[PDB]
Amino acid sequence: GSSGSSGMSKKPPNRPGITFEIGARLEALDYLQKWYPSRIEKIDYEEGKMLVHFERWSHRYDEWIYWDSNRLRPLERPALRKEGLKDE
């Protein structure tokens, strides 16, 4: 076996997709092992927990999820300055 999470685990390590930030849009793995969209309301670098909000749950349901839990995935990336978004 091999354990890491030593290189300043706190900060977001080399992750091609997910990015721990304020307002960032990503997905989180709920206790139901289900995948759903979410955002980062706040981030605690002193503790290591970030306030993430879930969309699924109709009623604005937010809960702090350790950014070092490794239970989040890189949600579909947006459109980079899409060419001529509209037509009209």
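Look above for the structure.
Summarised in this report is the structure supplied together with it.

Details of the nonpolar core
- Judged by nonpolar contacts, the single largest core of 13 residues is most densely connected at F20, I40, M50 and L72.
- The leading source of residues in this core is strand 3 (residues 49–54), at three residues.
- In this structure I40 touches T19, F20, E21, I22, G23, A24, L26, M50 and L51, once residues within four positions along its chain are discounted.

Comments concerning the side chain of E27
- Examined against the element boundaries, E27 turns out to sit in strand 1 (residues 25–29).
- One polar contact links the side chain of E27 to the main-chain amide nitrogen of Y36, over a distance of 3.0 Å.

Describing the packing of aromatic side chains
- This model, assessed by the stated rule, comprises six aromatic pairs.
- Considering the side-chain rings of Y45 and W67, the 4.6 Å spacing of their centres and the 80° angle between planes classify their relative orientation as edge-to-face. Pair noted here: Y45 is in the loop between strand 2 (35–44) and strand 3 and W67 is in the loop between strand 4 (61–66) and strand 5 (72–73), with a separation of 22 residues, a long-range link.
- We classify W67 as buried; its relative accessible area is 3%.
- Above the ring of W64, the side-chain terminus of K49 is found at 4.2 Å from the ring centroid.
- In this structure, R73 is placed above the aromatic ring of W35, and the distance from its NZ or CZ to the ring centre is 5.0 Å.

What to know about the sheet that holds strand 5
- Strand order in the open sheet formed by five strands is 4-3-2-1-5, and the pairing between neighbours is antiparallel. Two strands close off the open sheet at either side, each with one partner strand: strand 4 and strand 5.
- Where strand 1 meets strand 5, two bridges bridge the pair, whose relative direction is antiparallel. Within the sheet, the bridge partner assigned to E27 lies in strand 5 and is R73.

Here's the deal with the pairing of strand 1
- The sheet contact formed by strand 1 and strand 2 spans five bridges and is antiparallel. Residue pairing across strands places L29 opposite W35, the latter belonging to strand 2.

Considerations on the pattern of salt bridges
- Applying the stated criterion to the full structure yields two salt bridges.
- Here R73 ties to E27 by a salt bridge, and the two come within 3.7 Å at their closest N and O atoms. Residue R73 is found in strand 5, and its partner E27 is found in strand 1; the two are separated by 46 residues along the sequence.
- The buried category is assigned to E27, whose relative accessible area is 14%.
- Residues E55 and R39 are paired through a salt bridge, measuring 3.1 Å at the closest nitrogen-oxygen approach. With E55 in the loop between strand 3 and strand 4 and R39 in strand 2, this residue pair connects regions lying 16 residues apart in the sequence.
- Judged by relative accessible area, which is 36%, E55 ranks as partly exposed.

Reading the values: rules and limits
Residues numbered from 1 in each chain as written, not as in the entry; some residues may be left out. Heavy atoms only, no water. Core = buried A, V, L, I, M, F, W, Y, C linked by side-chain atoms within 4.5 Å. Buried < 20%, exposed > 50% of the residue type's maximum accessible area, 1.4 Å probe, protein only. Helix = DSSP H or I, 4+ residues; strand = E, 2+ residues; numbered from the N terminus. Contact = heavy atoms within 4.5 Å. Polar contact = N/O pair within 3.5 Å; in protein donor to acceptor, adjacent residues only side chain to side chain. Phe/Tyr/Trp six-rings, centres within 6.5 Å; stacked < 30°, edge-to-face > 60°. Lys NZ or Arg CZ within 6 Å of the ring centre and 35° of its normal. Pairing = 2+ DSSP bridges. Salt bridge = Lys/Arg side-chain N within 4 Å of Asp/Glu carboxyl O.

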